[PDB]
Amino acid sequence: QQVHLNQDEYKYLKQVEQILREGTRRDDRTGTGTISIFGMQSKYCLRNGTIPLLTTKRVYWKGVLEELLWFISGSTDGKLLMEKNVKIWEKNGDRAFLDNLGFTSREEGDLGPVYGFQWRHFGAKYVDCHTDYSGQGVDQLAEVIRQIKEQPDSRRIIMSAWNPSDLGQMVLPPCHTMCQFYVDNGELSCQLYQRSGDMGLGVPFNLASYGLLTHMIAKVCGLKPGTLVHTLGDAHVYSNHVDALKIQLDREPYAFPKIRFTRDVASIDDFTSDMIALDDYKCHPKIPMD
């Protein structure tokens, strides 16, 4: 029967199996095939410092970590993240990518009013990735933190990246579109709504990212981490990735690693990559992709 060291990662694999077994076979934005279920939900225990970094296929932790800190900082400048040696946004801000979208006047690495800007300045008039936006638009992350501290019973602790007014100027429309927080018996929980998820790369990354976010905010608020709830619109596997995911489905998950913060923080803006430690991230062997 179903006895597993890491039940939450096992359920993830079950999620992937269900997509491949019941999913619809459609052609997507690029003309490639996906196998897809619309509407899925899964839950991940964050208690005792557990962060859900998948063990059956390695997730780029360094990238997760630096992108999150960068999001939080409000930055929309791809070059700042490249300075931290993370290159996941590089191809979305280069001359060719920008020009193809009509952003011929824009400087390289200026990603437009993407996540960081929305999280910290929702409603402000975007100029460029070098403008000082202090006190412009709504600082959602700050409000979420005040709400958690002052009104922990609230059912309105929401942060959203989905800004229709700004979509035309973003290099990519937001994928993790919004999240909601929830305080129960001194524990902080988070639900991510992600409109679109690739189960082979994107989803594991987003999973770790919001897991880390919940850990950070919990610390800032003097709370213990709770449950991450991950909700998907179009959950899919690319049809060229099926063999690779099948190899992943065959593995018995290891225990998730643990997150550890090595100093105190004054606020959500007071973390640095050197004081966020990840203990015992053990992964199964590499899975080659195509």
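Heads up: residue numbers just count along the shown sequence, starting at 1. Between two forms, the rigid core is defined as the largest C-alpha subset superposing within 1.5 Å.
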28 to 36 or 219 to 227, the stretch lying farther from the shown form in 4 other deposited structures of this protein by root mean square CA distance over structures and residues, after core fitting, is 28 to 36
In 4 other deposited structures of this protein, rigid core aligned: more displaced of 78 to 86 and 113 to 121 by C-alpha RMS: 78 to 86
Higher average CA B factor in the deposited record is what I'm after, so tell me if that's 228 to 236 or 257 to 265. 257 to 265
Quick check: 82 to 90 versus 198 to 206, which has the larger average CA B-factor in the record? 82 to 90
Per the entry, which of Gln180, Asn163, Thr104, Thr214 tops the list for Cα B factor? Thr104
Highest Cα B-factor in the deposition, which of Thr32, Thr56, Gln41, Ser36? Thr32
Ranked by Cα temperature factor within the chain, is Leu167 in the lowest third, the middle third or the highest third? middle
Of the three thirds of its chain by CA temperature factor, lowest, middle or highest, which one includes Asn100? highest
Among the modelled residues of its chain, does the C-alpha B-factor of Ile157 lie in the lowest, middle or highest third? lowest
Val220: C-alpha B-factor third of its chain, per the entry, is the middle
Ranked against its chain, the third holding the CA B-factor of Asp279: highest
